[PDB]
Every structure is written in structure tokens, then in C-alpha cells.
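A lone chain, given as C-alpha cells: the form deposited in one PDB entry.
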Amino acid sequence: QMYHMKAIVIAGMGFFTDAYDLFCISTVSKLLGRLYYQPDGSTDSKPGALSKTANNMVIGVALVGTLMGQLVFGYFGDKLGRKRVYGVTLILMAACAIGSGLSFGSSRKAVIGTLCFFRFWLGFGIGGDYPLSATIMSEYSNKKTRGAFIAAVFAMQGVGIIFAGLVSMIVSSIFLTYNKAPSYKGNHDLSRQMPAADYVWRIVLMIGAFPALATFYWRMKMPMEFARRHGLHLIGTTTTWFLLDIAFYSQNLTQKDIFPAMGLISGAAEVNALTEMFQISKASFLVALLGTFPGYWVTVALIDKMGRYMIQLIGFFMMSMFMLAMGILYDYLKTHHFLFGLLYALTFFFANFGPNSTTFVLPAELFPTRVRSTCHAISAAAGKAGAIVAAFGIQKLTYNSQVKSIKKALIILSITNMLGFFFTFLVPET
């Protein structure tokens, strides 16, 4: 029946909101670069985009905020109350989501500064939310089985990822009907669509306030020696979270750069300002629907039949092998745009089928109650550090650059995945 579905959605609303808020920023970055950096006339190259520093800062402010918000709310926030922290975080995220669409001026520096300032505290709220709070897993999930509880609630991160692309596509298509302009190869100034394109990204960013209020409503009506013996378990958990997050965020954020270099989306200086965003949204929507979404539904039915160890092991192995194959066959995959789609999508599939639905129960069924919270917080902090490295690291190689740099970045991604496969051996299952 649908009562189980209602319970699953009520539990996973937090993950859905977090995923939407964190992954709605990839689609609108190109529009911001095209609007606030392209000058009138003086054309010598592709349409202006964000500088490396500005692009990296815009992408990573939210994640740095998540780190410094989670640390504070965890260490110095346990003496205030669950309902109180829920309310504060869920109102802060909504307020910052609404404020991200409003600017303090007209200059590009003022707009960028306001956007970064509001994204910082949006990420602060997201990190301090601690979306699922360990309680429901310390419930039925920790005791009897972890079969269709964790892997079912986490199926909403995929839903949020799809919905981000869906709303971007809907808004861009609606604004595209009444806004027709020649491509950048034609009239250079008119391709900006400045009077109209200045509102679409604001609308996309401020749509995210609705999920925060929805989860507010839906959740405010619901009432050293031990470490020495454990030893390598701590480093195992931290590494298995770090080397997963560094790949997941890298492959979700670098979507806007790999596709223009590999078929699919056409050349940058051949498309209008809005329809390019629409094409990127459609590509992301298709990849997240056919690739990412089936991963959770494959995972849910195999938690008990296969286990938790071998599934993660094979997931990491396929991650590494597919990444290495894509890196090696770059030149061949340039011409053939057909199988590149599936080579890119099965990476997401094996990520979802792999340790993506596995690294949170890893602290569970282990780490006895004496120091469980400290180890869980340490593992989460390691994951957030991996996310920050993904936003501020490999992005420096993938963004703009040339053919050699993206091949290199794929090489380090494959190496890191193989290292994670090596490191996930010192964690058995009982």
C-alpha cells in the first residue's frame, strides 16, 4: 500500500531538500557568467563566463558553510533541543534560499558578493540540520535489519537531483517561448537577453524555499583505550567516506564541463543564453533519471541477499574501472556520442548501487554507544572535507583548461576510486 510510501517520503524530505539546494547551483552558473561577465562588444573568444576564483568560490561556499555549521551545531549545540535546532536550521535554509535571489546592488561584484554571502549561510543551515539525525536508524534500522529503511529513505536524494533539472528546464522553456534572440554567432549583444534572463536564475534559486517550509511543517508536528582497540576502524570509515564524496560531488558538479567537450551539448559560442541552460538541464535530467534513479531501487532489494561488504566492494571496483576506461578512450569517445551516454550513466548507476547507500550504516552496527557520536561526527566531517576538496580541487583541472587537463582529472578520479577500493577492505560485516 501507499502508507509505506508516505512514511518513506516523510522521512526523506530532508534528503530531498538538501540534494535540491546543493545541486541546483550547477545549472545557473553559466547564465551568471554570461550575464555579469560578458561586456558589450570586443569579441575575441567564447562568451564570457565566471573566472576560476569566482566560479570555485560560488560552487564551494555552500560546502564550506556546511562544514563550519555542522561542526558548531554538533560540538556546541547539544544543550538546546531537537525541536529548537530543527526550527532554527529549517528557517535559516528557507530565509537564505529566498535571499539568494535578491541583490544588494547592480554591479557584478555586489551581486556575486550577496550570492556568496547568502549561499554561505544556506550551507550553514544545511550542515547544521544533520538531515536524518541518527535517531530513526538507532531505531528499527540499527536493531533488526537495515534492509528497506536506509536505502528507501535515501532514494529521495535522487528525486531532488531530478527535480532540480526539472524546474530549471520548466523555467527556461517557459521564458524561452517569448524570448527569441540570435545565437552568439549572430548579434552579440542580443544573445544575452539581459532584460529577461536576469529573472530566470533568481526564480530557480528561490523555488527552493518551498521544500524547507514543507519539511518544517511535516517535522514540527511529529513528537582512548576503546579507540585503540578499534584502531584502524576509524581511519577505514573516514577514508571510505572521503574517497566516495570526492568522486560523487566531482561527477555531479563537473557535469556542465564534460558534456560540452564530449558531444551532447553543442559548442558554447553557438547557442543562446537561455536555451543553452535548457539543454544542460535536459542532459542532467536524463542522466539523473536513467542513471542515478534506478540505483536506489536496485540497492533496496539486495541489502540482505548480497549483504553490505561485497556490494560496496564491487561498486568501488566498477567505479574505478569505468572511470579509467572513459579516461583512456577519450579520443575514440570524442567522435561517438552514443555510448558516451551509457559510459557516463553506469558510473552513476554503480555509485548509487555501491557505497552511496552504504557509508552511513557503516558507523552503525559498530562503534558502541560510549563514543559512537564522536566517530559518526568525525566520519561526517571527513566526508564534508572530501566534498570541499571536490569543489575546490579537481574543479580547477576540469573547469575551462584544455584536453590534457580533463584527461588528467579523470586519471586522479580513477586513482582515488581504486584507492578507496583498496581501503574498504579493513571493514568486515558480521
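Between two forms, the rigid core is defined as the largest C-alpha subset superposing within 1.5 Å. All residue numbers refer to positions in the sequence shown, first residue = 1.
Only in words, not in the display: the form deposited in another entry, which the text now covers.
Looking between the shown form and the other one after fitting on the rigid core, I'd like to know which of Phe117, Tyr217, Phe104, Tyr140 has a C-alpha displacement of 2 Å or more. Once the cores are aligned, the residue moving by 2 Å or more is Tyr140.
Given that the shift is 3 Å or more, do the Cα atoms of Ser379 and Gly147 end up closer or farther apart in the other entry than in this form? They are closer; the C-alpha distance drops by 3 Å or more in the other entry.
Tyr140 to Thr239, Cα distance in the other entry relative to here: closer or farther, by 3 Å or more? Compared with this form, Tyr140 and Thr239 lie closer in the other entry.
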